[PDB]
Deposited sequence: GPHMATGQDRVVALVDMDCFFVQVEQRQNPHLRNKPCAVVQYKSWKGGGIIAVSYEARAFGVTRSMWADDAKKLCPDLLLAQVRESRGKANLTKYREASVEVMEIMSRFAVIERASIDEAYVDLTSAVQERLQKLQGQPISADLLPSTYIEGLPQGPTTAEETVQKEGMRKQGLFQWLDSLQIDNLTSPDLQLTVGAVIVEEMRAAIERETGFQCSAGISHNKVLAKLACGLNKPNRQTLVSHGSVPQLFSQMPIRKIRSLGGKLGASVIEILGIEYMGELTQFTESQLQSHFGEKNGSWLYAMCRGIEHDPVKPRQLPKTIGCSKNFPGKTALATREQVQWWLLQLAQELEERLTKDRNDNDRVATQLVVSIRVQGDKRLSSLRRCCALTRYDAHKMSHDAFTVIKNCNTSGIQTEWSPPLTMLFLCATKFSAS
């Protein structure tokens, strides 16, 4: 009763830029705005691979991972923007720099954890306390929440989308004002006010739109974010969790979209997150291990404690290129040349990093894949990284991998290499 913790101590948001690489290209090229548009890398093989898709194009069935030639079959008028190529490979610098624009704006409001190139968790707990003070018990007006959905409302005893949104928001705010909700619900609401402000500042100062989730932890905030896209934000309250989870496929929850989630479904014979509540913590630990079991037991109740880490910068800076099909690297100098290409981009990004962020990478990570091997990495070896010099890094990389070559002939490379990867890690303050 009085001692059951409810995972309602924090306010956490997850902000995710809508179709981010597409918005970066649309800001640069006004001709692409408000059109079915996608971003593609390379062009020769089947028109290139799509890596981002505008919501106008999604309506035609265009998706990420699709070949541009195939996307054009679904959407003949699809417009395309190409990822820059430098030194023979895709170069994502424009999007990394746009990401920094957005992350720096978010950081004015609160501590953020960079979760990917286009999304960040926000810990709003302190900001909410301060805003609550500034307020002096004044009601929160719907006008402060013009793009917010309250998940699960309206309910109980209009056929337009925006009308539905406001109906639910009014029920929520009516109940908050009447004192029929909880202090955590008030805290979430103020959290949502702050995220409207954050999202307005991002759009004003960059041109970019985003969606966001506001809840009591990272997992719920991420889930919330996806419920109403694009350009909207969603509040998932603790109380909304039983109904939300009762029909929520397990694979939709962050970290359960893969093999673990599949085993939860198979071993337990269930489909929805809410069905997990019927098992004891020990039962879940017996199937999924101590850590995952405890996590599952709390998560299916809407409770999770993973903190928003104070980390706005990436921990690693990496450079990779696949060499698929017949392009697999088969000669020694081929391997050396591409190692150099990679090492040159890496040096460029590392020198920029050292200047911007007052740190130095100390470990060089070399990874390769060989043909018809594994998936992903076949092999991964570390060596020291003492100097930001591309020729040295490339020579060093060759050294740690050169004995992978099973060839008799040292000029030839067998089995052919289908992937090269250089990654700088173990940063120290400098």
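Coordinate coverage of the deposited sequence is interrupted once, at 158 to 162, where no C-alpha atom was modelled.
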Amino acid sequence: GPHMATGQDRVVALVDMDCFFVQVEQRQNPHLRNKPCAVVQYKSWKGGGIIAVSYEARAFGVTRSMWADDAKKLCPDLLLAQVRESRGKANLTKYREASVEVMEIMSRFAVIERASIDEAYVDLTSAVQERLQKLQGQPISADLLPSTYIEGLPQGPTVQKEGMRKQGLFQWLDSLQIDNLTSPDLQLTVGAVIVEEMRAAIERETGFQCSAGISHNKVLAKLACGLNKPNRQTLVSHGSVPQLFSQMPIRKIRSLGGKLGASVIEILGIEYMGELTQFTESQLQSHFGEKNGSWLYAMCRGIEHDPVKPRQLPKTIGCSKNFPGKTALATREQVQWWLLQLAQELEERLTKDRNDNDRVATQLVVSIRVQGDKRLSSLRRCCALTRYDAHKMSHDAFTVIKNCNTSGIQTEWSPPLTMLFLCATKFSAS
From here on, numbers count along this sequence of modelled residues.
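Think of the rigid core as the biggest set of C-alphas that the two forms share within 1.5 Å after superposition.
Comparing the two stretches 331 to 339 and 170 to 178 by root mean square C-alpha distance in 8 other deposited structures of this protein, with all structures fitted on the core, the more displaced one is 170 to 178. Fitting each structure in 8 other deposited structures of this protein onto the rigid core and averaging C-alpha distances over structures and residues, 181 to 189 emerges as the more displaced of 281 to 289 and 181 to 189.
When 312 to 320 is weighed against 255 to 263, 312 to 320 comes out higher, by mean CA B-factor as recorded in the entry. As recorded in the PDB entry, 414 to 422 is the stretch of 10 to 18 and 414 to 422 with the greater mean C-alpha temperature factor. Of the residues listed, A68, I51, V370, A59, the entry assigns the biggest Cα temperature factor to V370. For the set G239, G274, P139, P146, the maximum C-alpha B-factor listed in the entry falls on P139.
When the CA B factors of the chain's modelled residues are split into thirds, the value for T331 lands in the highest one. Among all modelled residues in its chain, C37 ranks in the middle third by Cα B-factor.
Ranked against the other modelled residues of its chain, the C-alpha B-factor of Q155 as given in the entry falls in the highest third. For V83, the recorded CA temperature factor ranks within the middle third of the chain's modelled residues.
Ranked against the other modelled residues of its chain, the C-alpha B-factor of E348 as given in the entry falls in the middle third.
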